[PDB]
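Whatever order the structure lists them in is the order used to number ligands and atoms, beginning at 1. In what follows, chains carry the letters A, B, and so on, assigned in the order in which the sequence lines appear, proteins first and then strands, with residues in each chain numbered from 1. These numbers come from the heavy atoms of this one structure, side chains and all, not from hydrogens, waters or symmetry mates.
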2 protein chains.
Amino acid sequence: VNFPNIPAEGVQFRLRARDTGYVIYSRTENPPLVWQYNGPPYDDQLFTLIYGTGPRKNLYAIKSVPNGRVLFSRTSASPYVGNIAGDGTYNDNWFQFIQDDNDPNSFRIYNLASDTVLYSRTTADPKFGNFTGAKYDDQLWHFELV
Amino acid sequence: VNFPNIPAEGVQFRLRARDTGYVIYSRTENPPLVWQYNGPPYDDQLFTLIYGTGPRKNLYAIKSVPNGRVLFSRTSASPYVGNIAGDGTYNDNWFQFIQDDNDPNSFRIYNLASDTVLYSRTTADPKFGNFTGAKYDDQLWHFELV
Ligand SMILES: CC(=O)N[C@H]1[C@@H](OC[C@H](N)C(=O)O)O[C@H](CO)[C@H](O)[C@@H]1O[C@@H]1O[C@H](CO)[C@H](O)[C@H](O)[C@H]1O
Ligand SMILES: CC(=O)N[C@H]1[C@@H](OC[C@H](N)C(=O)O)O[C@H](CO)[C@H](O)[C@@H]1O[C@@H]1O[C@H](CO)[C@H](O)[C@H](O)[C@H]1O
Ligand SMILES: CC(=O)N[C@H]1[C@@H](OC[C@H](N)C(=O)O)O[C@H](CO)[C@H](O)[C@@H]1O[C@@H]1O[C@H](CO)[C@H](O)[C@H](O)[C@H]1O
């Protein structure tokens with residue numbers, strides 16, 4: 001089931017992990033360019049959605065406010081999670097927000113092209129990344145409205 | 001996670017529900033054109049996959065062997081599950097095969113355009129159709145190669 005409270009197209013938000021409390025950031029310099037962060041609110045943590053239509057109905061591009069790059073999540077090559085210019089040129093720019101099975105208020109950030117979800121954890125490196133496999137709570141996110 | 005044993009493109013199979021043991025038929029006359037069935041094997045139970053690429057990577061159109069029509073699954077009008085000619089002209093012709101979280105030998109037939117899964121049950125009417133909501137065992141299917 002698609003998450004029922006997806007931000008209206010163009011509305012700004014942070015993506016905050018339910019369990020760690022960390023937010024995603026997307027910037028253009030200093031690797032890692034997309035990662036999790038546990039600190040003050042900065043503009044590189046702000047995103048909006050481009051709504052997919054046609055073959056991308058129920059998919060969304062995740063665009064960085066300060067730099068205009070959209071997120072990607074791929075299993076092909078490093079960096080596995082990153083950003084790129086455009087409005088969703090590549091199939092791995094398109095995400096589905098899939099509501100959790102037990103927690104109605106959180107969702108997984110799923111990528112159809114790569115069959116992966118994003119996760120945020122405090123344990124093994126890489127502590128932020130994507131993953132193809134079983135459902136874990138560290139895969140659960142909130143939309144934080146600004 | 002995508003089912004790891006999706007039949008090669010052009011390989012013929014039936015779609016059998018795990019628990020009911022019923023198969024999907026797709027015929028060209030007499031509503032319902034697509035429904036569940038038990039009894040001897042007939043040609044209109046036979047399907048192949050059209051493999052999606054680019055935006056449709058990891059999706060598939062389910063094409064009837066004898067009549068060439070592809071399945072569709074929608075929520076906008078009756079019939080909800082049906083067939084249409086072509087090779088996946090419309091977005092609701094495209095399905096994802098999502099492995100069960102518990103049973104790695106079965107999968108759900110998921111429709112991205114409508115956010116539905118196909119189900120086969122002996123209990124309440126309608127006994128076959130599509131569904132948006134919790135994961136139940138009556139939503140699990142097998143590829144039965146012929
Ligand atoms: C100051 C600094 O270099 N911080 C980086 C650090 O974060 C570690 C903290 N203990 C934390 O709370 O996470 O490592 C991470 C990668 O895990 C980042 O690179 C941090 O760089 C700060 O990131 C924010 C993101 O909102 C901004 O880009 C800041 O400009 C950047 O310094
Ligand atoms: C596009 C390409 O040739 N490959 C990668 C390259 O980017 C080169 C462009 N000319 C450019 O962006 O300047 O390096 C970047 C670094 O982040 C990417 O990995 C490119 O990979 C392409 O990335 C997209 C991201 O959405 C997809 O993974 C594509 O499949 C991949 O080819
Ligand atoms: C379980 C394990 O060996 N750890 C990590 C591993 O292996 C996973 C499979 N080989 C796979 O499908 O990739 O490598 C990946 C790197 O992508 C993960 O870090 C695995 O850790 C698992 O990650 C999930 C993320 O949601 C959870 O943190 C699990 O607790 C963790 O075991």
Please test B:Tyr119 against B:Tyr136 for ring pair (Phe, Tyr, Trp, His ring centres under 6.0 Å), starting from the C-alpha separation and ending with a verdict.
CA-CA 9 Å; B:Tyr119 69 87; B:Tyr136 297 103; 9.6 Å; no
Would a search of protein heavy atoms around [atom] find one under 4.0 Å away?
atom	value
atom 8 (C) of ligand 1	no
atom 12 (O) of ligand 1	yes
atom 22 (C) of ligand 2	yes
atom 27 (C) of ligand 1	yes
atom 5 (C) of ligand 1	no
atom 1 (C) of ligand 2	yes

Shortest protein contact, [atom] (heavy atom only):
atom	value
atom 32 (O) of ligand 2	A:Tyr90 CE2, 4.7 Å
atom 19 (O) of ligand 1	A:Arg27 NH2, 3.1 Å
atom 15 (C) of ligand 2	A:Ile84 CD1, 4.8 Å
atom 16 (C) of ligand 3	A:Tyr119 OH, 4.7 Å
atom 25 (C) of ligand 2	A:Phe72 CD2, 3.4 Å
atom 18 (C) of ligand 2	A:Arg74 NH1, 3.8 Å

Would the A:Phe143 and A:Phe97 ring centres measure less than 6.0 Å apart?
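Aromatic pair counts; centres sit under 6.0 Å.
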Using the side chain to side chain donor-acceptor pair (under 3.5 Å) rule, pick out the option among A:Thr116, A:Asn111, A:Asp115 that qualifies with A:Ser73.
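That would be A:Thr116; it is the only one of A:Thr116, A:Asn111, A:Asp115 passing the side chain to side chain donor-acceptor pair (under 3.5 Å) with A:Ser73.
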Taking [X] for the side chain and [Y] for the main chain, is one N or O donor matched with an acceptor at less than 3.5 Å?
X	Y	result
B:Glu9	B:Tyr51	yes
A:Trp94	A:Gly88	yes
A:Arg121	A:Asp19	no
B:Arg16	B:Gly21	yes

Which bit of A:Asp44 is near ligand 1, meaning a heavy atom under 4.0 Å away: side chain, backbone, both or neither?
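Just the side chain.
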Suppose I only count heavy atoms of A:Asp92 and a 4.0 Å limit; which atoms of ligand 2 are within that range?
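That gives atoms 25 (C), 26 (O), 27 (C), 28 (O) of ligand 2.
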Should you measure from each heavy atom of A:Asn93, which atoms of ligand 2 turn up under 4.0 Å away?
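So the atoms of ligand 2 that pass are 26 (O).
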Could you go through the side chain to side chain contact (heavy atoms under 4.5 Å, CB included) check for A:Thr89 and A:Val70 one step at a time?
CA-CA 9 Å; A:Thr89 292; A:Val70 298; over 6 Å; no
Is there a polar contact, in the sense of an N or O pair closer than 3.5 Å, between A:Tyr136 and ligand 3?
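N/O-N/O distance below 3.5 Å does not exist for this pair.
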Could you give the distance from [atom1] ([X]) to [atom2] ([Y]), rounded to the nearest 0.5 Å?
X	Y	atom1	atom2	answer
B:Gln45	B:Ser26	CD	OG	11.0 Å
A:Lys127	A:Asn38	NZ	CG	11.0 Å
B:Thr48	B:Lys63	OG1	NZ	7.0 Å
B:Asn130	B:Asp92	CG	CG	10.0 Å

Can you name the atoms of ligand 1, numbered from 1 with element, that are less than 4.0 Å from a heavy atom of A:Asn38?
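Result: 11 (C), 12 (O), 13 (O).
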Give the numbers and elements of all ligand 1 atoms closer than 4.0 Å to a heavy atom of A:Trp35.
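Those qualifying, in numeric order: 16 (C), 17 (O).
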Atom indices of ligand 3 within 4.0 angstrom of A:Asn130 heavy atoms, with elements:
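In order of numbering, the contacting atoms are 17 (O).
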Under 3.5 Å: N/O of A:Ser76 near N/O of ligand 2
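A:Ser76 vs ligand 2: no N/O contact under 3.5 Å.
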Ligand 3-proximal atoms of A:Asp138, by part, heavy-atom distance under 4.0 Å
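For A:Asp138, the contact with ligand 3 is made by the side chain alone.
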Applying ring pair (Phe, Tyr, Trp, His ring centres under 6.0 Å), run through B:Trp141 and B:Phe107 and close with a yes or a no.
CA-CA 5 Å; B:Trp141 296 86; B:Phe107 56 87; 8.0 Å; no
Nearest candidate to atom 29 (C) of ligand 1, where distance is taken over non-hydrogen atoms, out of A:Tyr42, A:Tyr25, A:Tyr22
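Checking each option, the heavy atom nearest atom 29 (C) of ligand 1 is found in A:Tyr42.
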From A:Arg108, A:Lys127, A:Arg121 - option closest to atom 24 (C) of ligand 3 by heavy atom
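Among A:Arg108, A:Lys127, A:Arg121, the closest heavy atom to atom 24 (C) of ligand 3 comes from A:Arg121.
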Could you give me the CA-CA distance, side-chain angles and deciding distance for B:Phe95 and B:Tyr110, then say whether side chain to side chain contact (heavy atoms under 4.5 Å, CB included) is met?
CA-CA 5 Å; B:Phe95 295 92; B:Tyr110 176 73; over 6 Å; no
